[PDB]
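Engineer: I have a structure here, written as structure tokens, and I will follow up with some questions on it.
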Amino acid sequence: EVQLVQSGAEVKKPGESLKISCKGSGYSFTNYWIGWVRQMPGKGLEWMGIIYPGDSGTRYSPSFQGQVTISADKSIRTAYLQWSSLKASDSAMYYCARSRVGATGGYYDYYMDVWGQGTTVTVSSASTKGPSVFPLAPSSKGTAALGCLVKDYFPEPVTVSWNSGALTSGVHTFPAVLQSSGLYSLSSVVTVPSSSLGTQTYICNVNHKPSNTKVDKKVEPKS
Amino acid sequence: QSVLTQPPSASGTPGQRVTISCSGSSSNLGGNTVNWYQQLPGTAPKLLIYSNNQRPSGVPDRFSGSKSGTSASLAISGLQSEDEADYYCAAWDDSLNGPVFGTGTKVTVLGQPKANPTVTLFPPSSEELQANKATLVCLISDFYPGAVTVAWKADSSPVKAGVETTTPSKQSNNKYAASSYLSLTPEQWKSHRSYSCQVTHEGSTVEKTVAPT
Amino acid sequence: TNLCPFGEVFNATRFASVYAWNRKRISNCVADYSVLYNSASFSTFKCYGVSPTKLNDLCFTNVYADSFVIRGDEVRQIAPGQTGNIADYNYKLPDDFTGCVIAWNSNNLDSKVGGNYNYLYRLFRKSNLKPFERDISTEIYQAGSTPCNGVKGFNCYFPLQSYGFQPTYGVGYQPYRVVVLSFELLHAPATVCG
Ligand SMILES: *[C@@H]1O[C@H](CO)[C@@H](O[C@@H]2O[C@H](CO)[C@@H](O)[C@H](O)[C@H]2NC(C)=O)[C@H](O)[C@H]1NC(C)=O
Ligand SMILES: [Cl-]
């Protein structure tokens, strides 16, 4: 069957060049447009541009004209998407797709009937950094939530336990945010009965293997 | 006039029918046919409908498209669990001279009753403040379906700069979680009387407020 | 003597786009044009080689009824010797045309809030149409030197454009329904009389 196979995941730093590929099989490579689509994490699809490998003609979205170069090598049935100098903002999933064109009842048809599996591109200038850990004190106003803020670390992941694993019921460690600084932050909260806030000690154990960081932070009510 | 507008979300119980609108203009849908793409989580998009109402091989007849003027619609009859996905409409646009994708609609196949989020809001710790930083932490959990929007407030005024919010993520019980972070200078935190985190989930709104004390 | 079935043509619930204009062959019958010419509904009623009032007196062998929708300011192109988007690329009358051109404003039927996009016309063609030639092709029109390969862009235009009729348009841009009657006189019995 008709198939598009893209190259593997890419991990790059800002300023490096990059060329990713998309190889077509099971059809006449020179008789169909092949295009690129960007999907930033959590976001929608953005059309980037297309090339017709039969004659190397291109059409670019105005939002991507001059920012990228689309090319093709018909002797090996391959289309390419290239950056001369990556930015962190280029981090996204990239799909290639075959175009189909024509008309129905006097109206123009354009659709993408075969899709590649996608290529992840991750561009970051962040250096390995251990987190700062701050307590999230229970408020003074029948249950209460306390926690630990695990701030400004790179790369993922960190592990959080409570009381060295002795406390697990009611623990919720949330997935991290990626800040525009390139560093991650997350929070871990344990919900306990309000009546134990004075008699039970709570310590979060934060581990960040890439920085060999091990932090144990006691969480006490605010004075 | 070059954006295909779609509702952010839609939902139904198994067996129900859900409809997804696609709103366009003279420069796209006026002279060009509409298409639909289905993207299951973690997968590539696939062609679902082409040329207003045609189905590729392997797309069941439960999916039907329609187009009238500058408006278009996807209908999913007899919702099945594998239909839970993001759906994008698309068409050629003559103002941009290229295809454009709609803003996308997340469809949820309700496997459990609707659940409002639990909202926990923390003020800056005293230890972060002594480091000359300030972070408000708004933690949002146990909501279903997995779609929320977050608005931050200083006293009663909107705040936009310095906000970082995760995408919703499926938790153990198949409900969802998210977190939103507001970065402030200690001066900003100590100037206002309170900050608020306002969470909206399917027309309902949960707000928590903290004060510098 | 069966009446001319002008109702199917003038009172059709939907009309064709001008690029795919409809043709109906009218013969047999014997209807009267006085009421049509004395009708207060037709804003254009122009005849060539024949007089509209004296139509009841004449007999012809065949009648062709062509019908379509254009915008108001294009009705003048439905006449012998005209050039323009419609005459060049959509519907061309011959210089020696014998017949009548009838049109009326169809805003109440053919315009919709937000636009009726169902009616199209051809904007580009490699050459002008010959009289009564029809072109329903939809190839991308390559105006420039870059091949189009089925996609719009660099001097590459989809050849059909929608009128997008809206009720707030001026009458020059409002839809008009048009009926072209060709009165043919060949070597046959004149079966169509007024
Ligand atoms: C098209 O239909 C209209 C309406 O049904 C016809 O118009 C009527 O004509 C009679 C006499 O012929 C008049 O008394 C009515 O007042 C007319 N009504 C309207 C609304 O105009 C018309 O004759 C039909 N035309 C053809 C060619 O069949
Ligand atoms: Cl094709």
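Each chain in the structure tokens gets a letter, A, B, ..., in the order shown, and its residues are numbered from 1; ligands are numbered from 1 in order too.
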Select, as an NGL selection string, those residues of chain C with any atom no more than 10 Å from chain B (distances computed using only C-alpha atoms).
Structural biologist: :C and (112-118 or 120 or 151-154 or 157-158 or 160-164)
Engineer: Please produce a file of the residues just selected, as a compact mmCIF listing (two decimals), in the first residue's frame, where the atoms kept are C-alpha atoms.
Structural biologist:
```txt
# COMPACT_ATOMS: atom_id res chain seq x y z
CA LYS C 112 -29.09 33.91 0.85
CA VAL C 113 -27.90 35.63 4.00
CA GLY C 114 -24.21 34.88 4.17
CA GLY C 115 -24.23 34.25 0.42
CA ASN C 116 -25.54 31.70 -2.04
CA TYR C 117 -22.43 29.97 -3.40
CA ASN C 118 -24.24 27.50 -5.67
CA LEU C 120 -20.66 29.80 -10.58
CA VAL C 151 -2.66 23.26 -7.40
CA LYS C 152 -3.35 26.99 -7.22
CA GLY C 153 -0.64 29.57 -6.69
CA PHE C 154 1.91 31.27 -8.95
CA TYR C 157 -6.10 29.94 -10.94
CA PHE C 158 -9.08 27.69 -10.42
CA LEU C 160 -14.65 28.88 -11.79
CA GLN C 161 -15.70 31.58 -9.34
CA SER C 162 -18.80 31.62 -7.17
CA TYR C 163 -21.10 34.63 -7.41
CA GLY C 164 -21.75 34.37 -3.67
```
Engineer: Which residues in stretch 10-128 of chain B does DSSP call strand (DSSP E or B)? List them as a ChimeraX atom specification.
Structural biologist: /B:10-12,18-23,32,35-39,46-50,54,63-68,71-76,85-93,98-101,105-109,115,118-122
Engineer: Can you tell me how far atom CA of residue B:200 sits from atom CA of residue B:178, in Å to one decimal?
Structural biologist: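 Atom-to-atom, atom CA of residue B:200 to atom CA of residue B:178, that is 12.2 Å.
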Engineer: Considering only C-alpha atoms, return as JSON, numbers by chain whatever protein or nucleic-acid residues lie within 9 Å of residue C:133, sequence-local ones (same chain, fewer than 4 positions apart) excluded.
Structural biologist: {"C": [90, 91, 92, 129]}
Engineer: Given the selection you just returned, output its residues as a file containing N, CA, C and O atoms, formatted as an mmCIF file, in the first residue's frame.
Structural biologist:
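Final output, again.cif:
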```cif
data_model
loop_
_atom_site.group_PDB
_atom_site.id
_atom_site.type_symbol
_atom_site.label_atom_id
_atom_site.label_comp_id
_atom_site.auth_asym_id
_atom_site.auth_seq_id
_atom_site.Cartn_x
_atom_site.Cartn_y
_atom_site.Cartn_z
ATOM 1 N N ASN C 90 -18.471 31.887 -21.020
ATOM 2 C CA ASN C 90 -19.584 31.154 -20.425
ATOM 3 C C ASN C 90 -20.723 30.867 -21.393
ATOM 4 O O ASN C 90 -21.158 29.720 -21.512
ATOM 5 N N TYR C 91 -21.228 31.888 -22.077
ATOM 6 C CA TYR C 91 -22.377 31.699 -22.957
ATOM 7 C C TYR C 91 -22.305 32.733 -24.067
ATOM 8 O O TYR C 91 -22.403 33.932 -23.791
ATOM 9 N N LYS C 92 -22.151 32.270 -25.306
ATOM 10 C CA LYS C 92 -21.866 33.132 -26.447
ATOM 11 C C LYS C 92 -22.987 32.994 -27.464
ATOM 12 O O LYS C 92 -23.262 31.888 -27.945
ATOM 13 N N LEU C 129 -15.227 31.238 -26.262
ATOM 14 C CA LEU C 129 -16.182 30.247 -26.737
ATOM 15 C C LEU C 129 -16.711 30.620 -28.116
ATOM 16 O O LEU C 129 -16.882 31.798 -28.446
#
```
Engineer: Hey, which residues sit close to ligand 2? Say within 10 Å, counting only C-alpha atoms and all ligand atoms, and write them as a ChimeraX atom specification.
Structural biologist: /A:31-33,98-102,109-113 /C:149-151
Engineer: Let me have all residues with an atom within 9 Å of ligand 1, counting only C-alpha atoms and all ligand atoms, laid out as a list in words.
Structural biologist: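 My answer, listing the contacting residues, is residues 4, 5, 6, 7, 8, 9, 10, 11, 12, 35, 36, 39, 40 and 41 of chain C.
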Engineer: Output N, CA and C atoms for every residue in that selection, as a PDB file, in the first residue's frame.
Structural biologist:
```
ATOM      1  N   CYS C   4     -47.326  25.347 -25.233  1.00  0.00           N
ATOM      2  CA  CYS C   4     -45.877  25.303 -25.077  1.00  0.00           C
ATOM      3  C   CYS C   4     -45.485  25.146 -23.615  1.00  0.00           C
ATOM      4  N   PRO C   5     -44.643  24.164 -23.284  1.00  0.00           N
ATOM      5  CA  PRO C   5     -44.231  23.947 -21.883  1.00  0.00           C
ATOM      6  C   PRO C   5     -43.151  24.932 -21.456  1.00  0.00           C
ATOM      7  N   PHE C   6     -43.515  26.212 -21.483  1.00  0.00           N
ATOM      8  CA  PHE C   6     -42.623  27.256 -21.009  1.00  0.00           C
ATOM      9  C   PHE C   6     -42.540  27.273 -19.498  1.00  0.00           C
ATOM     10  N   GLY C   7     -43.530  26.682 -18.827  1.00  0.00           N
ATOM     11  CA  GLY C   7     -43.514  26.659 -17.379  1.00  0.00           C
ATOM     12  C   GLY C   7     -42.332  25.897 -16.817  1.00  0.00           C
ATOM     13  N   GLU C   8     -42.000  24.748 -17.416  1.00  0.00           N
ATOM     14  CA  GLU C   8     -40.854  23.990 -16.926  1.00  0.00           C
ATOM     15  C   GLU C   8     -39.566  24.793 -17.019  1.00  0.00           C
ATOM     16  N   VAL C   9     -39.475  25.714 -17.972  1.00  0.00           N
ATOM     17  CA  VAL C   9     -38.236  26.463 -18.175  1.00  0.00           C
ATOM     18  C   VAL C   9     -38.237  27.770 -17.395  1.00  0.00           C
ATOM     19  N   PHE C  10     -39.286  28.586 -17.536  1.00  0.00           N
ATOM     20  CA  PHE C  10     -39.306  29.863 -16.831  1.00  0.00           C
ATOM     21  C   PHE C  10     -39.560  29.690 -15.341  1.00  0.00           C
ATOM     22  N   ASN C  11     -40.366  28.702 -14.967  1.00  0.00           N
ATOM     23  CA  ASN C  11     -40.747  28.479 -13.585  1.00  0.00           C
ATOM     24  C   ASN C  11     -40.014  27.305 -12.963  1.00  0.00           C
ATOM     25  N   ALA C  12     -38.879  26.913 -13.530  1.00  0.00           N
ATOM     26  CA  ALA C  12     -38.069  25.886 -12.902  1.00  0.00           C
ATOM     27  C   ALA C  12     -37.694  26.345 -11.500  1.00  0.00           C
ATOM     28  N   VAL C  35     -48.542  37.949 -23.523  1.00  0.00           N
ATOM     29  CA  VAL C  35     -48.575  37.990 -22.067  1.00  0.00           C
ATOM     30  C   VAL C  35     -47.163  38.026 -21.507  1.00  0.00           C
ATOM     31  N   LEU C  36     -46.241  37.266 -22.102  1.00  0.00           N
ATOM     32  CA  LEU C  36     -44.848  37.321 -21.661  1.00  0.00           C
ATOM     33  C   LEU C  36     -44.281  38.713 -21.883  1.00  0.00           C
ATOM     34  N   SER C  39     -45.806  41.066 -19.662  1.00  0.00           N
ATOM     35  CA  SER C  39     -45.626  40.736 -18.259  1.00  0.00           C
ATOM     36  C   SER C  39     -44.816  41.836 -17.591  1.00  0.00           C
ATOM     37  N   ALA C  40     -45.200  42.183 -16.370  1.00  0.00           N
ATOM     38  CA  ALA C  40     -44.496  43.197 -15.598  1.00  0.00           C
ATOM     39  C   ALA C  40     -43.334  42.626 -14.812  1.00  0.00           C
ATOM     40  N   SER C  41     -43.018  41.355 -15.013  1.00  0.00           N
ATOM     41  CA  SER C  41     -41.988  40.691 -14.234  1.00  0.00           C
ATOM     42  C   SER C  41     -40.636  40.664 -14.926  1.00  0.00           C
TER      43      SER C  41
END
```
Engineer: Would you mind listing, for every residue of chain A within 9 Å of chain B, the two atoms forming the shortest contact and the distance between them in Å to one decimal, using only C-alpha atoms, sorted by chain and ascending residue number, as JSON lines?
Structural biologist:
```
{"residue": "A:41", "atom": "CA", "partner": "B:167", "partner_atom": "CA", "distance": 8.8}
{"residue": "A:42", "atom": "CA", "partner": "B:167", "partner_atom": "CA", "distance": 6.4}
{"residue": "A:43", "atom": "CA", "partner": "B:104", "partner_atom": "CA", "distance": 8.8}
{"residue": "A:44", "atom": "CA", "partner": "B:104", "partner_atom": "CA", "distance": 6.3}
{"residue": "A:45", "atom": "CA", "partner": "B:101", "partner_atom": "CA", "distance": 6.3}
{"residue": "A:46", "atom": "CA", "partner": "B:101", "partner_atom": "CA", "distance": 6.5}
{"residue": "A:47", "atom": "CA", "partner": "B:100", "partner_atom": "CA", "distance": 6.4}
{"residue": "A:49", "atom": "CA", "partner": "B:98", "partner_atom": "CA", "distance": 8.1}
{"residue": "A:59", "atom": "CA", "partner": "B:98", "partner_atom": "CA", "distance": 7.8}
{"residue": "A:60", "atom": "CA", "partner": "B:98", "partner_atom": "CA", "distance": 7.8}
{"residue": "A:61", "atom": "CA", "partner": "B:98", "partner_atom": "CA", "distance": 6.4}
{"residue": "A:62", "atom": "CA", "partner": "B:96", "partner_atom": "CA", "distance": 7.0}
{"residue": "A:95", "atom": "CA", "partner": "B:44", "partner_atom": "CA", "distance": 7.7}
{"residue": "A:103", "atom": "CA", "partner": "B:51", "partner_atom": "CA", "distance": 8.4}
{"residue": "A:104", "atom": "CA", "partner": "B:51", "partner_atom": "CA", "distance": 7.2}
{"residue": "A:106", "atom": "CA", "partner": "B:31", "partner_atom": "CA", "distance": 8.3}
{"residue": "A:107", "atom": "CA", "partner": "B:32", "partner_atom": "CA", "distance": 5.1}
{"residue": "A:108", "atom": "CA", "partner": "B:32", "partner_atom": "CA", "distance": 4.6}
{"residue": "A:109", "atom": "CA", "partner": "B:33", "partner_atom": "CA", "distance": 5.6}
{"residue": "A:110", "atom": "CA", "partner": "B:92", "partner_atom": "CA", "distance": 6.5}
{"residue": "A:111", "atom": "CA", "partner": "B:50", "partner_atom": "CA", "distance": 6.5}
{"residue": "A:112", "atom": "CA", "partner": "B:47", "partner_atom": "CA", "distance": 6.6}
{"residue": "A:113", "atom": "CA", "partner": "B:47", "partner_atom": "CA", "distance": 5.5}
{"residue": "A:114", "atom": "CA", "partner": "B:46", "partner_atom": "CA", "distance": 7.3}
{"residue": "A:115", "atom": "CA", "partner": "B:46", "partner_atom": "CA", "distance": 6.7}
{"residue": "A:116", "atom": "CA", "partner": "B:44", "partner_atom": "CA", "distance": 7.3}
{"residue": "A:117", "atom": "CA", "partner": "B:44", "partner_atom": "CA", "distance": 5.8}
{"residue": "A:118", "atom": "CA", "partner": "B:44", "partner_atom": "CA", "distance": 6.6}
{"residue": "A:133", "atom": "CA", "partner": "B:128", "partner_atom": "CA", "distance": 8.9}
{"residue": "A:134", "atom": "CA", "partner": "B:128", "partner_atom": "CA", "distance": 6.6}
{"residue": "A:135", "atom": "CA", "partner": "B:125", "partner_atom": "CA", "distance": 6.5}
{"residue": "A:136", "atom": "CA", "partner": "B:125", "partner_atom": "CA", "distance": 6.3}
{"residue": "A:137", "atom": "CA", "partner": "B:125", "partner_atom": "CA", "distance": 7.4}
{"residue": "A:138", "atom": "CA", "partner": "B:122", "partner_atom": "CA", "distance": 8.5}
{"residue": "A:139", "atom": "CA", "partner": "B:122", "partner_atom": "CA", "distance": 8.2}
{"residue": "A:145", "atom": "CA", "partner": "B:120", "partner_atom": "CA", "distance": 7.5}
{"residue": "A:146", "atom": "CA", "partner": "B:122", "partner_atom": "CA", "distance": 8.8}
{"residue": "A:149", "atom": "CA", "partner": "B:137", "partner_atom": "CA", "distance": 8.2}
{"residue": "A:174", "atom": "CA", "partner": "B:178", "partner_atom": "CA", "distance": 7.1}
{"residue": "A:175", "atom": "CA", "partner": "B:178", "partner_atom": "CA", "distance": 7.5}
{"residue": "A:176", "atom": "CA", "partner": "B:166", "partner_atom": "CA", "distance": 7.2}
{"residue": "A:177", "atom": "CA", "partner": "B:166", "partner_atom": "CA", "distance": 5.5}
{"residue": "A:178", "atom": "CA", "partner": "B:164", "partner_atom": "CA", "distance": 7.9}
{"residue": "A:179", "atom": "CA", "partner": "B:164", "partner_atom": "CA", "distance": 6.6}
{"residue": "A:180", "atom": "CA", "partner": "B:164", "partner_atom": "CA", "distance": 8.4}
{"residue": "A:186", "atom": "CA", "partner": "B:179", "partner_atom": "CA", "distance": 8.4}
{"residue": "A:187", "atom": "CA", "partner": "B:137", "partner_atom": "CA", "distance": 8.1}
{"residue": "A:189", "atom": "CA", "partner": "B:139", "partner_atom": "CA", "distance": 8.9}
{"residue": "A:222", "atom": "CA", "partner": "B:126", "partner_atom": "CA", "distance": 8.5}
```
Engineer: Fewer than 6 positions away in the same chain doesn't count, so skip those; otherwise give me all residues within 6 Å of residue B:78, counting only C-alpha atoms, as a PyMOL selection string.
Structural biologist: chain B and resi 15-17
Engineer: Do you have the atom CA of residue B:183-atom CA of residue A:15 distance handy?
Structural biologist: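 Answer for the atom CA of residue B:183 to atom CA of residue A:15 separation: 28.3 Å.
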Engineer: Tell me, in Å to one decimal, how far atom CA of residue C:84 is from atom CA of residue C:23.
Structural biologist: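 Separation between atom CA of residue C:84 and atom CA of residue C:23: 21.6 Å.
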Engineer: Report as JSON, numbers by chain all protein, DNA and RNA residues lying within 12 Å of stretch 82-87 of chain A, evaluated on only C-alpha atoms, omitting residues in the same chain fewer than 3 positions from it.
Structural biologist: {"A": [10, 11, 12, 13, 14, 15, 16, 17, 18, 19, 20, 21, 22, 36, 48, 49, 64, 65, 66, 67, 68, 69, 70, 71, 72, 79, 90, 91, 92, 94, 121, 122, 123, 124, 125, 182]}
Engineer: Give me the residues within 12 Å of residue B:202 as a CSV table (one decimal) with N, CA and C atoms, in the first residue's frame, counting only C-alpha atoms and dropping any in the same chain fewer than 4 places off.
Structural biologist:
```
chain,number,residue,atom,x,y,z
B,8,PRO,N,-14.2,24.2,20.7
B,8,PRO,CA,-13.0,23.5,21.3
B,8,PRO,C,-13.3,22.1,21.7
B,9,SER,N,-14.5,21.7,22.2
B,9,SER,CA,-14.8,20.4,22.7
B,9,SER,C,-16.2,20.0,22.3
B,10,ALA,N,-16.4,18.7,22.4
B,10,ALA,CA,-17.7,18.1,22.2
B,10,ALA,C,-17.7,16.7,22.9
B,11,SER,N,-18.9,16.2,23.3
B,11,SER,CA,-18.9,15.0,24.0
B,11,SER,C,-20.3,14.3,23.9
B,114,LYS,N,-19.9,13.2,34.3
B,114,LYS,CA,-19.1,14.4,34.3
B,114,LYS,C,-18.6,14.7,35.7
B,115,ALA,N,-17.4,15.2,35.8
B,115,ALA,CA,-16.8,15.5,37.1
B,115,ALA,C,-16.2,16.9,37.1
B,116,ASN,N,-16.5,17.7,38.1
B,116,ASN,CA,-16.0,19.0,38.3
B,116,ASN,C,-14.6,18.9,38.9
B,117,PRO,N,-13.7,19.8,38.6
B,117,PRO,CA,-12.4,19.8,39.1
B,117,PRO,C,-12.2,20.2,40.6
B,143,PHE,N,-11.1,16.1,37.2
B,143,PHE,CA,-12.2,16.7,36.3
B,143,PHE,C,-12.3,15.8,35.1
B,144,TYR,N,-13.6,15.8,34.5
B,144,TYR,CA,-13.9,15.0,33.4
B,144,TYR,C,-15.1,15.6,32.7
B,145,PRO,N,-15.1,15.8,31.3
B,145,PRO,CA,-13.9,15.4,30.4
B,145,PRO,C,-12.7,16.2,30.6
B,146,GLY,N,-11.6,15.9,29.9
B,146,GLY,CA,-10.3,16.5,30.2
B,146,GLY,C,-10.1,17.8,29.6
B,147,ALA,N,-10.9,18.8,29.8
B,147,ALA,CA,-10.8,20.1,29.3
B,147,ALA,C,-11.1,21.2,30.3
B,148,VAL,N,-10.2,22.1,30.5
B,148,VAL,CA,-10.4,23.2,31.4
B,148,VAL,C,-9.7,24.4,30.8
B,149,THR,N,-10.2,25.6,31.3
B,149,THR,CA,-9.5,26.9,31.0
B,149,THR,C,-9.2,27.5,32.3
B,206,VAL,N,-14.8,27.4,39.2
B,206,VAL,CA,-14.3,27.3,40.5
B,206,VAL,C,-13.2,28.3,40.7
```
Engineer: I need the residues of stretch 105-207 of chain B that end up classed as alpha helix (DSSP H) by DSSP on the backbone, written out as a list in words.
Structural biologist: residues 126, 127, 128, 129, 130, 186, 187, 188, 189, 190 and 191 of chain B
